[PDB]
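The file structure.txt comes next; it holds compact mmCIF, C-alpha atoms and all ligand atoms.
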```txt
# COMPACT_ATOMS: atom_id res chain seq x y z
CA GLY S 42 -13.27 -15.16 -3.68
CA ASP S 43 -14.27 -11.83 -2.19
CA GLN S 44 -15.17 -12.05 1.51
CA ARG S 45 -17.44 -9.22 2.65
CA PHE S 46 -17.06 -8.13 6.27
CA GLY S 47 -19.20 -5.15 7.14
CA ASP S 48 -18.30 -2.48 4.63
CA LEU S 49 -14.88 -3.96 3.78
CA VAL S 50 -13.83 -6.69 1.35
CA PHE S 51 -11.05 -9.25 1.86
CA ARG S 52 -9.64 -11.35 -0.97
CA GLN S 53 -7.17 -14.16 -0.42
CA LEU S 54 -4.25 -13.86 -2.86
CA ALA S 55 -1.96 -16.58 -1.46
CA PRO S 56 -2.14 -19.05 1.45
CA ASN S 57 -0.87 -16.33 3.80
CA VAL S 58 -1.78 -13.09 1.97
CA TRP S 59 -5.06 -11.16 1.67
CA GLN S 60 -6.01 -7.89 0.03
CA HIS S 61 -8.05 -5.55 2.22
CA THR S 62 -10.40 -3.09 0.52
CA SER S 63 -12.27 -0.08 1.93
CA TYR S 64 -14.46 2.58 0.33
CA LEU S 65 -14.86 6.36 0.44
CA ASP S 66 -17.71 8.18 -1.33
CA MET S 67 -17.93 11.88 -2.23
CA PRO S 68 -20.58 13.89 -4.07
CA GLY S 69 -20.15 14.20 -7.82
CA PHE S 70 -17.99 11.06 -7.97
CA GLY S 71 -18.33 7.34 -7.48
CA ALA S 72 -17.18 5.42 -4.45
CA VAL S 73 -13.45 4.78 -4.52
CA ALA S 74 -11.92 1.48 -3.42
CA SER S 75 -8.54 1.51 -1.72
CA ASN S 76 -6.54 -1.71 -1.31
CA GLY S 77 -3.87 -2.78 1.16
CA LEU S 78 -2.45 -6.12 2.30
CA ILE S 79 -2.58 -8.52 5.24
CA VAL S 80 0.19 -11.13 5.60
CA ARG S 81 0.30 -14.02 8.04
CA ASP S 82 3.98 -14.60 8.85
CA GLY S 83 4.06 -17.71 11.03
CA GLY S 84 2.54 -16.82 14.38
CA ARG S 85 1.95 -13.12 13.67
CA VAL S 86 0.22 -10.82 11.17
CA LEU S 87 1.66 -7.86 9.24
CA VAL S 88 -0.44 -5.09 7.64
CA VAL S 89 0.35 -2.91 4.63
CA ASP S 90 -1.67 0.36 4.62
CA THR S 91 -4.62 1.47 6.70
CA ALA S 92 -8.13 1.87 5.35
CA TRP S 93 -9.49 5.37 4.62
CA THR S 94 -10.72 5.83 8.21
CA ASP S 95 -10.05 4.76 11.79
CA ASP S 96 -13.39 2.94 11.97
CA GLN S 97 -12.66 0.97 8.80
CA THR S 98 -9.15 0.17 10.03
CA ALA S 99 -10.53 -1.16 13.31
CA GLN S 100 -12.74 -3.42 11.19
CA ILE S 101 -9.64 -4.77 9.40
CA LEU S 102 -8.28 -5.68 12.81
CA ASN S 103 -11.61 -7.29 13.73
CA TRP S 104 -11.52 -9.43 10.59
CA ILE S 105 -7.95 -10.46 11.43
CA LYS S 106 -9.04 -11.43 14.94
CA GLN S 107 -11.91 -13.56 13.63
CA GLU S 108 -10.19 -15.27 10.71
CA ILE S 109 -6.53 -15.42 11.81
CA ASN S 110 -6.49 -14.78 15.58
CA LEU S 111 -2.78 -13.96 15.81
CA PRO S 112 -1.18 -10.71 16.99
CA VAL S 113 -0.59 -7.95 14.45
CA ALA S 114 3.13 -7.36 14.94
CA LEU S 115 3.46 -4.24 12.79
CA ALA S 116 1.98 -2.17 10.01
CA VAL S 117 3.79 -0.31 7.24
CA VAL S 118 2.01 2.49 5.37
CA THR S 119 3.03 3.46 1.87
CA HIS S 120 2.60 7.27 1.76
CA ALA S 121 1.08 10.15 3.72
CA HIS S 122 -2.39 10.32 2.15
CA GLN S 123 -5.77 9.40 3.60
CA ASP S 124 -6.24 6.15 1.70
CA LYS S 125 -2.98 4.75 3.13
CA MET S 126 -2.65 6.50 6.51
CA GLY S 127 -6.15 7.67 7.46
CA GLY S 128 -6.55 4.94 10.08
CA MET S 129 -3.29 5.31 12.02
CA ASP S 130 -5.04 6.03 15.33
CA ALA S 131 -6.88 2.70 15.10
CA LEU S 132 -3.56 0.88 14.74
CA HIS S 133 -2.08 2.77 17.69
CA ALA S 134 -5.15 2.16 19.86
CA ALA S 135 -4.65 -1.56 19.13
CA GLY S 136 -1.01 -1.43 20.25
CA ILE S 137 0.43 -2.12 16.78
CA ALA S 138 3.90 -0.77 15.97
CA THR S 139 3.73 1.42 12.88
CA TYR S 140 6.31 2.24 10.20
CA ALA S 141 6.47 4.68 7.30
CA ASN S 142 9.05 6.34 5.10
CA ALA S 143 10.75 9.07 7.14
CA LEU S 144 9.47 11.52 4.51
CA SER S 145 5.91 10.28 5.06
CA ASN S 146 6.26 10.98 8.78
CA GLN S 147 7.68 14.41 7.97
CA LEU S 148 4.70 15.15 5.68
CA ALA S 149 2.04 13.59 7.92
CA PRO S 150 1.15 16.63 10.08
CA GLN S 151 0.74 18.96 7.07
CA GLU S 152 -1.17 16.27 5.14
CA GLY S 153 -3.57 15.78 8.05
CA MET S 154 -2.30 12.29 8.98
CA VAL S 155 -1.11 10.92 12.29
CA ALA S 156 2.54 9.96 11.83
CA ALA S 157 3.70 6.39 12.16
CA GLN S 158 5.70 5.65 15.29
CA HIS S 159 8.87 4.65 13.41
CA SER S 160 10.64 6.06 10.36
CA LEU S 161 12.16 3.99 7.57
CA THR S 162 15.16 5.23 5.67
CA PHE S 163 16.37 4.01 2.32
CA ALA S 164 19.73 3.31 0.72
CA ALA S 165 20.69 4.84 -2.60
CA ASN S 166 19.71 1.62 -4.39
CA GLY S 167 16.14 2.15 -3.09
CA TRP S 168 16.04 -0.75 -0.64
CA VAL S 169 15.07 0.02 2.94
CA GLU S 170 17.97 0.20 5.35
CA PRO S 171 17.36 -3.07 7.25
CA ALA S 172 18.28 -1.53 10.60
CA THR S 173 15.21 0.72 10.29
CA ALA S 174 12.81 -2.16 9.46
CA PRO S 175 13.28 -4.59 12.37
CA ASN S 176 11.27 -7.80 12.29
CA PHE S 177 9.72 -7.12 8.90
CA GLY S 178 9.83 -10.85 8.08
CA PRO S 179 8.88 -11.42 4.44
CA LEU S 180 8.09 -7.74 3.73
CA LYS S 181 10.68 -6.32 1.33
CA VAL S 182 10.31 -2.53 1.31
CA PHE S 183 11.54 -0.52 -1.68
CA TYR S 184 11.51 3.21 -2.40
CA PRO S 185 11.28 3.42 -6.23
CA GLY S 186 11.67 7.19 -6.47
CA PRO S 187 9.08 9.96 -6.56
CA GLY S 188 5.96 9.32 -8.59
CA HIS S 189 2.40 9.47 -7.29
CA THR S 190 3.96 11.36 -4.37
CA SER S 191 7.47 12.24 -3.27
CA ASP S 192 7.29 9.71 -0.43
CA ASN S 193 5.60 6.69 -2.05
CA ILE S 194 7.07 3.29 -1.16
CA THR S 195 6.36 -0.25 -2.34
CA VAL S 196 6.44 -3.72 -0.77
CA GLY S 197 7.16 -7.24 -2.01
CA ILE S 198 6.26 -10.39 -0.08
CA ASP S 199 9.02 -13.00 0.11
CA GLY S 200 7.82 -16.54 -0.52
CA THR S 201 5.06 -15.34 -2.87
CA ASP S 202 4.65 -13.99 -6.40
CA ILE S 203 3.21 -10.72 -5.03
CA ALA S 204 4.52 -7.15 -5.17
CA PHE S 205 2.50 -4.14 -3.99
CA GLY S 206 2.76 -0.82 -5.80
CA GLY S 207 0.34 1.19 -3.67
CA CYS S 208 -0.94 4.25 -5.47
CA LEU S 209 2.10 4.41 -7.78
CA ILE S 210 0.83 1.60 -10.03
CA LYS S 211 -2.44 1.50 -11.98
CA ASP S 212 -3.90 -1.50 -13.77
CA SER S 213 -3.07 -2.49 -17.36
CA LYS S 214 -6.33 -0.98 -18.70
CA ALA S 215 -6.39 2.20 -16.59
CA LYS S 216 -7.36 5.40 -18.39
CA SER S 217 -5.54 7.78 -16.02
CA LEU S 218 -2.93 8.06 -13.29
CA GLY S 219 -5.49 9.27 -10.77
CA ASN S 220 -4.76 12.23 -8.52
CA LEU S 221 -1.56 13.93 -9.70
CA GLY S 222 -1.77 16.96 -7.38
CA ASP S 223 1.29 15.78 -5.42
CA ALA S 224 2.93 13.87 -8.26
CA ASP S 225 6.48 14.14 -9.61
CA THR S 226 5.77 14.39 -13.34
CA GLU S 227 9.44 14.22 -14.36
CA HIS S 228 10.31 11.04 -12.44
CA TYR S 229 7.03 9.07 -12.35
CA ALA S 230 7.89 6.86 -15.33
CA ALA S 231 11.34 5.89 -14.05
CA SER S 232 9.94 5.24 -10.57
CA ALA S 233 7.25 2.93 -11.94
CA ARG S 234 9.91 1.04 -13.91
CA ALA S 235 12.20 0.91 -10.86
CA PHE S 236 9.41 -0.82 -8.92
CA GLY S 237 9.18 -3.47 -11.63
CA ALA S 238 12.95 -3.99 -11.67
CA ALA S 239 13.07 -4.32 -7.87
CA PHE S 240 10.58 -7.22 -7.89
CA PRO S 241 11.30 -8.88 -11.25
CA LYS S 242 9.82 -12.27 -10.35
CA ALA S 243 6.48 -10.92 -9.07
CA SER S 244 3.71 -12.06 -11.40
CA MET S 245 0.86 -10.66 -9.25
CA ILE S 246 0.96 -6.88 -8.99
CA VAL S 247 -1.30 -5.48 -6.27
CA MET S 248 -2.17 -1.78 -6.18
CA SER S 249 -4.36 0.73 -4.39
CA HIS S 250 -7.24 1.36 -6.79
CA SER S 251 -7.55 -1.68 -9.07
CA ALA S 252 -7.79 -5.42 -8.61
CA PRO S 253 -4.55 -7.44 -8.80
CA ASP S 254 -3.10 -7.56 -12.30
CA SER S 255 -0.23 -8.92 -14.36
CA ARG S 256 3.05 -7.08 -14.86
CA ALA S 257 1.32 -5.23 -17.71
CA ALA S 258 0.14 -2.91 -14.93
CA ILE S 259 3.76 -1.77 -14.55
CA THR S 260 4.48 -1.32 -18.25
CA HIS S 261 1.15 0.42 -18.85
CA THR S 262 1.57 2.75 -15.87
CA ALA S 263 5.09 3.68 -17.00
CA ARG S 264 3.93 4.27 -20.58
CA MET S 265 1.20 6.61 -19.32
CA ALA S 266 3.72 8.36 -17.07
CA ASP S 267 5.98 8.85 -20.11
CA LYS S 268 3.41 11.39 -21.33
CA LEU S 269 3.68 13.42 -18.10
CA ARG S 270 7.10 14.73 -19.15
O1 LIG T 301 -6.00 9.38 -2.94
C1 LIG T 301 -6.89 9.50 -3.71
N1 LIG T 301 -6.78 9.12 -5.09
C2 LIG T 301 -5.59 8.59 -5.71
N2 LIG T 301 -4.73 7.79 -5.22
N3 LIG T 301 -3.77 7.47 -6.03
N4 LIG T 301 -4.01 8.13 -7.20
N5 LIG T 301 -5.22 8.87 -6.99
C3 LIG T 301 -8.24 10.03 -3.27
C4 LIG T 301 -9.39 9.74 -3.93
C5 LIG T 301 -10.39 10.39 -3.29
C6 LIG T 301 -11.84 10.27 -3.71
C7 LIG T 301 -12.69 9.57 -2.88
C8 LIG T 301 -14.01 9.44 -3.23
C9 LIG T 301 -14.47 9.98 -4.42
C10 LIG T 301 -13.61 10.68 -5.26
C11 LIG T 301 -12.28 10.82 -4.91
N6 LIG T 301 -9.90 11.06 -2.25
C12 LIG T 301 -10.63 11.89 -1.30
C13 LIG T 301 -10.44 11.75 0.06
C14 LIG T 301 -11.14 12.56 0.95
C15 LIG T 301 -12.03 13.51 0.48
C16 LIG T 301 -12.21 13.64 -0.89
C17 LIG T 301 -11.52 12.83 -1.77
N7 LIG T 301 -8.52 10.84 -2.25
ZN ZN T 302 -1.91 9.43 -2.56
ZN ZN T 303 -4.61 6.34 -3.68
```
As structure tokens, what does this structure read like?
Amino acid sequence: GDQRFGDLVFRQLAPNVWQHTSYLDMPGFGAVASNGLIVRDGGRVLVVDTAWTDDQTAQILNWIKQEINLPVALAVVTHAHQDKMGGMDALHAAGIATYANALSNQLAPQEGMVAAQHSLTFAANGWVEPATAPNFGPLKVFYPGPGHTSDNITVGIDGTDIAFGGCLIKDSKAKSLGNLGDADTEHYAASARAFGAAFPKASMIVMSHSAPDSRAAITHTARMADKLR
């Protein structure tokens, strides 16, 4: 059910949830898909992650205008790397309130990202402090611990079977953990497992660089991360 819209792809995952996909291409390597989410929550829309670029992110908003035609109340971005935060300026130009882990906003300038406008903080159990995530509706934001990066966060969608691992989680047949240049090799495995335990009823696991998968994505990612120690 892939819907092509310019250079982006949208796939409906639930009556009110879509995966957005955008592409970046470099020499010597194939084009890399990056996935985020779009959620219709009643009379408003919520976005998880930008596309790689401002232009692509503006196209996400154009697709939302054409197919949903409701205001985008907020966006949450899941770590301070280009695939998740490269299009922040497009969100801000559109007047959308933006949220990220406080640590992502701390890292953003050095990483070459524009910071989100608002910082999330997290309790010791990993769940976002609700006072820092006003009006998040069905988005349930969880910091699983350091893994792909020190700041990576994850998001479940209440009322659905969906949980989003961002770049932390790879699919059940993945042959690598991707870019580990910023990774926490000691804690990756526990963080992957903590994500699974935070959303134990989610049967559809969505992630940055593979199509949606079963919970075997979580077990397989953790088993690969076991070898990093
Ligand atoms: O973030 C990444 N990867 C990941 N995420 N989670 N685990 N690994 C990731 C990937 C890539 C990439 C994009 C196209 C071809 C090859 C590589 N660039 C990238 C971005 C800008 C310039 C050069 C590379 N960044
Ligand atoms: Zn990353
Ligand atoms: Zn990534």
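CA of residue 208 in chain S to CA of residue 119 in chain S spans 8.4 Å [interatomic distance, one decimal].
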Review point. Which residue, S:192, S:48, S:43, S:202, has the smallest gap to residue 100 in chain S when you use all atoms listed in the file?
Key: S:48
Review point. For residue 175 in chain S, which residue out of S:140, S:109, S:153, S:200 is the nearest one, using all atoms listed in the file?
Key: S:140
Check your understanding: Near residue 63 in chain S, counting all atoms listed in the file, which residues have an atom at most 9 Å away, once you skip same-chain residues fewer than 4 positions from it, shown as a PyMOL selection string?
Key -> chain S and resi 48-50+73-77+92-94+97-98+124
Practice item. Kindly indicate which residue among S:215, S:113, S:266, S:135 lies nearest to residue 187 in chain S, using only C-alpha atoms for the distances. Key: S:266
Point to revise | Distance criterion (all atoms listed in the file): nearest to ligand LIG 301 (chain T) out of S:189, S:61, S:85, S:120 | key: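 Comparing S:189, S:61, S:85, S:120 against ligand LIG 301 (chain T), the winner is S:189.
A straight line drawn from CA of residue 222 in chain S to CA of residue 203 in chain S is 28.2 Å long.
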Check your understanding: Do you know which residues are within 9 Å of ligand LIG 301 (chain T) using only C-alpha atoms and all ligand atoms? Can you write them as JSON, numbers by chain?
Key -> {"S": [64, 65, 66, 67, 68, 69, 70, 71, 72, 73, 74, 75, 93, 122, 123, 124, 125, 189, 190, 207, 208, 209, 210, 211, 217, 218, 219, 220, 221, 222, 249, 250]}
Kindly export the residues of the current selection with C-alpha atoms, as a short mmCIF file (atom, residue, chain, number, x, y, z; two decimals), keeping the file's coordinate frame.
```
data_model
loop_
_atom_site.label_atom_id
_atom_site.label_comp_id
_atom_site.auth_asym_id
_atom_site.auth_seq_id
_atom_site.Cartn_x
_atom_site.Cartn_y
_atom_site.Cartn_z
CA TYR S 64 -14.46 2.58 0.33
CA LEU S 65 -14.86 6.36 0.44
CA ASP S 66 -17.71 8.18 -1.33
CA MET S 67 -17.93 11.88 -2.23
CA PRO S 68 -20.58 13.89 -4.07
CA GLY S 69 -20.15 14.20 -7.82
CA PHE S 70 -17.99 11.06 -7.97
CA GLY S 71 -18.33 7.34 -7.48
CA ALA S 72 -17.18 5.42 -4.45
CA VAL S 73 -13.45 4.78 -4.52
CA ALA S 74 -11.92 1.48 -3.42
CA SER S 75 -8.54 1.51 -1.72
CA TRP S 93 -9.49 5.37 4.62
CA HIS S 122 -2.39 10.32 2.15
CA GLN S 123 -5.77 9.40 3.60
CA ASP S 124 -6.24 6.15 1.70
CA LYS S 125 -2.98 4.75 3.13
CA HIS S 189 2.40 9.47 -7.29
CA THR S 190 3.96 11.36 -4.37
CA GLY S 207 0.34 1.19 -3.67
CA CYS S 208 -0.94 4.25 -5.47
CA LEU S 209 2.10 4.41 -7.78
CA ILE S 210 0.83 1.60 -10.03
CA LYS S 211 -2.44 1.50 -11.98
CA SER S 217 -5.54 7.78 -16.02
CA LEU S 218 -2.93 8.06 -13.29
CA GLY S 219 -5.49 9.27 -10.77
CA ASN S 220 -4.76 12.23 -8.52
CA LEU S 221 -1.56 13.93 -9.70
CA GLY S 222 -1.77 16.96 -7.38
CA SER S 249 -4.36 0.73 -4.39
CA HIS S 250 -7.24 1.36 -6.79
#
```
Check your understanding: For ligand ZN 302 (chain T), which residue out of S:130, S:95, S:152, S:199 is the nearest one, using all atoms listed in the file?
Key ->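 Ranked by minimum distance to ligand ZN 302 (chain T), first place goes to S:152.
Distance-wise, CA of residue 80 in chain S and CA of residue 257 in chain S end up 24.1 Å apart.
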Check your understanding: For ligand ZN 302 (chain T), which of S:252, S:259, S:155, S:121 is the closest residue, counting all atoms listed in the file?
Key ->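 When distances to ligand ZN 302 (chain T) are compared using all atoms listed in the file, the smallest one comes from S:121.
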Practice item. Could you give me, as number ranges by chain, the residues that sit within 10 Å of (0.4, -10.4, 10.9) in the file's coordinates, counting all atoms listed in the file? Key: S: 57-58, 79-89, 105, 109-116, 178
**Study point:** Selection near range 224-238 of chain S, 9 Å with only C-alpha atoms, sequence-local residues under 3 positions removed, as an MDAnalysis selection string
**Key:** chainID S and resid 167 183:191 195 204 206 209:210 220:221 241:243 256 259:260 262:270
Practice item. Tell me which protein, DNA and RNA residues are within 9 Å of residue 182 in chain S, counting all atoms listed in the file, leaving out same-chain ones fewer than 4 positions away, and put them as a VMD selection string. Key: chain S and resid 163 167 to 169 174 177 194 to 198
